[PDB]
Amino acid sequence: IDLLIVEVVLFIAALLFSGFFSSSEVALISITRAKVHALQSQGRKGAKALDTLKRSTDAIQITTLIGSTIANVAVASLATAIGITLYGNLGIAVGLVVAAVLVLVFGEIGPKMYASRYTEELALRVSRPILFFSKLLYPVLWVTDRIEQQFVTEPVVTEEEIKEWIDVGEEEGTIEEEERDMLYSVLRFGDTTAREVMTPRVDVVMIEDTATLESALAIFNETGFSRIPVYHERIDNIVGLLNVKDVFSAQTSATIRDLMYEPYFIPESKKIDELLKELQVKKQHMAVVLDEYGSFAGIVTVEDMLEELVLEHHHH
Amino acid sequence: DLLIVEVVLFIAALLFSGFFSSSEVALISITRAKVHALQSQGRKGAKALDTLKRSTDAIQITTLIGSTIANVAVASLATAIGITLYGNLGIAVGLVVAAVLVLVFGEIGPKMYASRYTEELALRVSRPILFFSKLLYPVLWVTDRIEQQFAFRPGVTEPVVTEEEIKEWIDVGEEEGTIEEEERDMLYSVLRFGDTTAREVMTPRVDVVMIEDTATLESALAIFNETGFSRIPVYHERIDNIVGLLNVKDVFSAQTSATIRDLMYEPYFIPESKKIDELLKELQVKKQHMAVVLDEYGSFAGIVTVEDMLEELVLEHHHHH
Ligand SMILES: CCCCCCCCCCCO[C@@H]1O[C@H](CO)[C@@H](O[C@H]2O[C@H](CO)[C@@H](O)[C@H](O)[C@H]2O)[C@H](O)[C@H]1O
Ligand SMILES: CCCCCCCCCCCO[C@@H]1O[C@H](CO)[C@@H](O[C@H]2O[C@H](CO)[C@@H](O)[C@H](O)[C@H]2O)[C@H](O)[C@H]1O
Ligand SMILES: CCCCCCCCCCCO[C@@H]1O[C@H](CO)[C@@H](O[C@H]2O[C@H](CO)[C@@H](O)[C@H](O)[C@H]2O)[C@H](O)[C@H]1O
Ligand SMILES: Nc1ncnc2c1ncn2[C@@H]1O[C@H](COP(=O)(O)OP(=O)(O)OP(=O)(O)O)[C@@H](O)[C@H]1O
Ligand SMILES: Nc1ncnc2c1ncn2[C@@H]1O[C@H](COP(=O)(O)OP(=O)(O)OP(=O)(O)O)[C@@H](O)[C@H]1O
Ligand SMILES: [Mg+2]
Ligand SMILES: [Mg+2]
Ligand SMILES: [Mg+2]
């Protein structure tokens, strides 16, 4: 009874350590190094010590493995010690069963489940102690890091794991087979620039602002297009977009410059995700692209970006 | 004596502890291309490996429960054996000893050994670990219902994966950096875009501009040049009955001897409850920009153009935490 009281606290304390190391492992190895260096530049409390741990992901796995294993071993080495003193030789089992059922719930699975909901907030909190324990285990680290001269875990939620849950959607009907492809496209659609999908000026059909109104229809009805850029004595110099509908319903005296409208000029590095929205806000369809020198380069239509997101994807 | 019963279970548990740890690494380290090759080659333990990898979470919970249970058993028998010899100094002798044995033989050891022998070991352990996996089905059932977690969700217990659940996953992706902040707002947008139907983004019949198929082109151009549109439906003796669609780009480029019925083209009729995520792909595949919505009785109720759906997709997009 005397020592038993002192043993149930080490049992509880070791359980918290095992949970602390197990939950710390999930949050730490899940933050994208691209995002860690973002929090560090912002200077948030914990990012510096977190970028340190990311410098050697092998240090995050060994620390949490050893700190937890040591704890887990102590969590049960005492649970049976307490068990036997309470239940004789039947305590090695009783103490064993009541230990394995708590190392699983509060020292392994529970701590891992909790850390997934709060992964950025917890990673910044356990950056200091985990980096501290890693220093204490520098002997054991060098032992396992030195063998690296004699010949990585992934986050709880990977972009592939998400993609897979969507495929489950298509399979179960909750998600149309058409928007699975669109959901797949969005993920491969934010880092895309307009230059990657623009129509090179070479293949563009345009018209000079000095041309004849009637002569413009010769282009529309011959090329079948509905919107052609307009240029001013230089293919480089785009001064307006001409809409075919305006020419069909044109007055008897109007000229090319009367029915053209100011184009939305954009760079070659324009993200097409925000351009599909900027065009949808102007009620406009075409966007003129300019290179680094302001010279014409190509055009981009809402029909281009639409083709991107609607493109059909492969099923795994 | 009872000691002999303890030291034997101590080793056996230490082998299980190392069997699961090394089976987890080997089963997960192996690439999807290697399994597909072993699948076609048809080697022993491949078919059971292909299924075992379908849910990478089911592999970690079984190898964890296994390695954890065994590890505790290794420690239990050390604190017990040592206690039988060293009284209460055994709890320390057991803890300290077990703490090093599990680490070097149940954890770190089995892990490093698996990284170099991923192929051979995965096949020899795909069968036993898969067997255990089916025993853990009760645990896999509960885990797949706790939707506040994202660590152990096997998805092999037939869960209801609805738009709600995917959003939960995407929210986590943005928080850890695997998904960018901006490309999450897009997923939430298209996620709710699929819920929208045709009627909710259509133009009601009352606002539509049509032209009777018995009119003349001189009248057709007048409509376009007045309403500004580029396409208008066509009917026959009744407003409920739509028979085609007319485009100005063709009426302007119409032969001297032309008509409205020969210039119009068959429309794509759709119900009011039509999903626009499908219609957007279908309209984009038929090269057409406008559909025709028909109410339950197959009468003209409105139209849905590509632009009508892009507004719902873009300007009215969702985002939440
Ligand atoms: C809920 C579960 C709870 C289980 C138990 C959790 C135990 C947490 C472990 C506490 C470790 O405490 C840790 O000690 C070290 C040494 O001071 C601190 O690190 C310190 O080290 C450097 C120098 O080495 C000091 O200059 C500086 O004050 C501090 O960074 C660290 O900030 C703290 O985090
Ligand atoms: C589960 C049991 C695991 C084993 C227990 C741990 C045993 C640790 C034995 C290794 C001693 O650990 C470590 O050895 C190296 C020797 O090069 C020491 O480092 C020394 O060599 C390295 C280069 O290799 C130098 O960078 C460093 O400045 C020097 O101090 C280090 O100070 C010591 O901390
Ligand atoms: C931290 C994780 C802790 C995990 C704790 C594990 C608890 C195990 C005991 C609970 C087992 O839970 C029980 O398992 C069976 C599958 O075998 C479930 O499924 C069974 O019943 C449902 C209906 O409710 C049926 O649809 C299904 O076909 C059948 O297999 C059952 O609904 C659930 O009531
Ligand atoms: N004047 C143009 N010159 C060269 N290419 C063009 C021109 N206009 C559009 N395109 C190209 O056609 C592709 C599809 O664009 P889009 O379908 O919107 O033309 P459109 O048939 O006139 O459209 P709409 O009929 O809706 O007005 C674009 O990728 C673009 O590169
Ligand atoms: N005949 C029509 N009657 C009523 N609404 C129409 C008609 N045609 C199009 N609309 C509506 O106008 C809006 C925009 O559609 P849309 O952009 O396709 O027409 P458009 O601008 O004349 O064609 P385009 O832009 O390709 O030249 C949509 O809400 C659509 O429902
Ligand atoms: Mg077009
Ligand atoms: Mg082990
Ligand atoms: Mg329009």
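How each quantity is defined
- Residues numbered from 1 in each chain as written, not as in the entry; some residues may be left out.
- Chains lettered and ligands numbered in written order.
- Heavy atoms only, no water.
- Residues with missing side-chain atoms left out of burial classes, pairs and counts.
- UniProt positions renumbered as here; feature names shortened; annotations may be inferred.
- Helix = DSSP H or I, 4+ residues; strand = E, 2+ residues; numbered from the N terminus.
- Rg over C-alpha atoms; globule rule 2.2 N^0.38 Å.
- Pairing = 2+ DSSP bridges.
- Domains from an automatic or database assignment.
- Near = heavy atom within 4 Å.
- Polar contact = N/O pair within 3.5 Å; in protein donor to acceptor, adjacent residues only side chain to side chain.
- Nonpolar A, V, L, I, M, F, W, Y, C, P; charged D, E, K, R; others polar.
- Contact = heavy atoms within 4.5 Å.
- Salt bridge = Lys/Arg side-chain N within 4 Å of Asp/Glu carboxyl O.
- Buried < 20%, exposed > 50% of the residue type's maximum accessible area, 1.4 Å probe, protein only.
- Areas by Shrake-Rupley, 256 points an atom, 1.4 Å probe, with all protein chains shown as cover.
- Axes fitted to C-alpha atoms, helices over the stretch in contact; angles between N-to-C directions.
- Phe/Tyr/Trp six-rings, centres within 6.5 Å; stacked < 30°, edge-to-face > 60°.

The PDB entry annotates chain B as Hemolysin, contains CBS domains of Methanoculleus thermophilus. In the PDB, the entry goes by the title "Crystal structure of an archaeal CNNM, MtCorB, with C-terminal deletion in complex with Mg2+-ATP".

By the naming in the PDB entry, chain A goes by Hemolysin, contains CBS domains and is assigned to Methanoculleus thermophilus. In UniProt, chain A has this text filed under Subcellular location (unreviewed entry): "Membrane".

K.L.:
Please clarify how the overall build of chain A should be interpreted in this entry.
P.N.:
Regarding its fold elements, chain A presents 16 helices and seven strands. Computed over C-alpha atoms, the radius of gyration of chain A comes to 32 Å, more than 25% over the 20 Å expected from 2.2 N^0.38 for 316 residues, which places it beyond the range of a compact globule.

K.L.:
Got a minute to help me understand the sheet that holds strand 3 (residues 231-235) of chain B in this structure?
P.N.:
Pairing between the strands of a sheet is mediated by backbone hydrogen bonds and can be parallel or antiparallel. Residue and element names in this part refer to chain B. Strand order in the open sheet made by the three strands is 2-3-4, with mixed pairing throughout. The sheet terminates laterally at strand 2 (211-212) and strand 4 (242-247), the two strands that pair on one side only. Looking at chain direction, strand 3 and strand 4 are connected through five bridges and run antiparallel. Each residue of the ladder has a partner; that of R231, found in strand 4, is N247.

K.L.:
So what exactly am I meant to see when it comes to the domain arrangement of chain A here?
P.N.:
You'll often see interface size given as the accessible area lost when the parts meet. Per the domain assignment, the segments of chain A are domain 1 (2-150), domain 2 (158-187) and domain 3 (194-310). Here domain 1 of chain A and domain 3 of chain A have C-alpha centroids that lie 61 Å from each other.

K.L.:
Would you take a moment to explain the UniProt feature "transmembrane region" (unreviewed entry) in chain B for this structure?
P.N.:
If you check UniProt for "transmembrane region" (unreviewed entry), the listed places come out as residues 2-22, 61-83 and 89-109 of chain B in our numbering. As annotated, residues 2-22 of chain B has a helix share of 100% and a strand share of 0%, and its two end C-alpha atoms lie 31 Å apart.

K.L.:
Quick question: what am I supposed to make of the site of ligand 4 here?
P.N.:
Taken together, 16 residues are adjacent to ligand 4, and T199, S226, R227, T301 and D304 of chain A come closest. Close to ligand 4, residues of chains A and B are found. In this structure, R227 of chain A approaches ligand 4 through a main-chain N or O atom, which is 2.9 Å from a nitrogen atom. When contributions to the shell around ligand 4 are tallied by element, the ones reaching two or more residues are strand 3 (227-231), strand 7 (296-301) and helix 16 (302-310) of chain A. Per-element tally for the shell around ligand 4: the top contributor is strand 3 of chain A, with three residues. Grouping the amino acids of the shell around ligand 4 by side-chain chemistry returns seven nonpolar, four polar and five charged.

K.L.:
I tried to follow the interface of chain A and chain B on my own but got confused; where do I start?
P.N.:
Listed per partner, the contact involves 75 residues of chain A and 79 residues of chain B. When residues of the side of chain A that touches chain B are assigned to their parent elements, the largest contribution, twelve residues, is made by helix 4 (residues 57-87) of chain A. Here the side of chain A that touches chain B is composed, by residue class, of 40 nonpolar, 14 polar and 21 charged.

K.L.:
Just to check I follow, could you spell out the pattern of salt bridges for this structure?
P.N.:
Where charged atoms from two side chains of opposite charge approach closely, those side chains can pair. Using the criterion set out here, one finds 28 salt bridges over all chains in the structure. One salt bridge in this structure joins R257 of chain A and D209 of chain A, with 2.5 Å as the shortest N-O distance. A residue pair is termed long-range when its members are at least 10 positions apart, and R257 of chain A in helix 14 (residues 256-259) and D209 of chain A in the loop between strand 2 (207-208) and helix 12 (213-223) qualify at 48 residues. Between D50 of chain B and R54 of chain B there is a salt bridge; the shortest N-O distance is 3.9 Å.

K.L.:
Got a minute to help me understand the side chain of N243 of chain A in this structure?
P.N.:
On the secondary structure map, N243 of chain A appears in strand 4 (residues 238-243). Ignoring anything within four residues of it in the chain, the contact list for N243 of chain A reads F220, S226, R227 and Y261 of chain A.

K.L.:
Could you clarify how one ought to interpret the UniProt feature "binding site: ATP" (unreviewed entry) in chain A in this entry?
P.N.:
Residues and elements named next belong to chain A. Mapped onto this numbering, the UniProt entry gives "binding site: ATP" (unreviewed entry) at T199, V205, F225, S226, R227, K245, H285, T301 and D304. Note on placement: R227 falls in strand 3. We classify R227 as buried; its relative accessible area is 19%. Among the polar contacts made by the side chain of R227, one reaches the side chain of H285 at a distance of 3.3 Å. Note on placement: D304 falls in helix 16. Here the side chain of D304 touches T301 through a polar contact of 2.8 Å, landing on its backbone nitrogen.

K.L.:
Hey, could you run me through the site of ligand 2 in this one?
P.N.:
All names here are of chain A. Lining the immediate surroundings of ligand 2 are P139, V140, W142 and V143. Burial of ligand 2 by the protein chains amounts to 38% of its free accessible area of 760 Å². Of the residues assigned to the shell around ligand 2, the class counts are four nonpolar, no polar and no charged.

K.L.:
Just checking my understanding: could you explain the sheet that holds strand 6 (residues 290-294) of chain B for this structure?
P.N.:
Residue and element names in this part refer to chain B. In space, the four strands of this open sheet follow the order 1-7-6-5, with mixed pairing throughout. Edge strands, defined here as strands with exactly one partner in the open sheet, are strand 1 (203-204) and strand 5 (269-271). Of the strand pairs in this sheet, strand 1 and strand 7 (residues 300-305) are connected by two bridges, and their pairing is antiparallel. Each residue of the ladder has a partner; that of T203, found in strand 7, is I303. This element, helix 12 (residues 276-285), spans strand 5, strand 6 and strand 7 of the sheet and lies at about 135 degrees to strand 6.

K.L.:
Just checking my understanding: could you explain the packing of aromatic side chains for this structure?
P.N.:
For any pair of aromatic rings, geometry is given as the distance between the ring centres together with the angle between the planes. Residue and element names in this part refer to chain A. What the rule picks out here adds up to 14 aromatic pairs over all chains. When the ring of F17 is compared with that of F133, the centres are 6.4 Å apart and the planes differ by 80 degrees; the resulting orientation is edge-to-face. Here the residue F17 occupies a position in helix 1 (residues 2-28), and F133 occupies one in helix 8 (residues 127-136), the gap between them amounting to 116 residues. Note on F17: relative accessible area 41%, which makes it partly exposed.

K.L.:
Which parts of the structure should I look at to understand the UniProt feature "transmembrane region" (unreviewed entry) in chain A?
P.N.:
All names here are of chain A. With numbering aligned to this structure, UniProt lists the feature "transmembrane region" (unreviewed entry) at residues 3-23, 62-84 and 90-110. The straight-line gap between the two end C-alpha atoms of residues 62-84 is 33 Å; of that span, 100% is helix and 0% is strand. A distance of 28 Å separates the end C-alpha atoms of residues 90-110, which is 90% helix and 0% strand.

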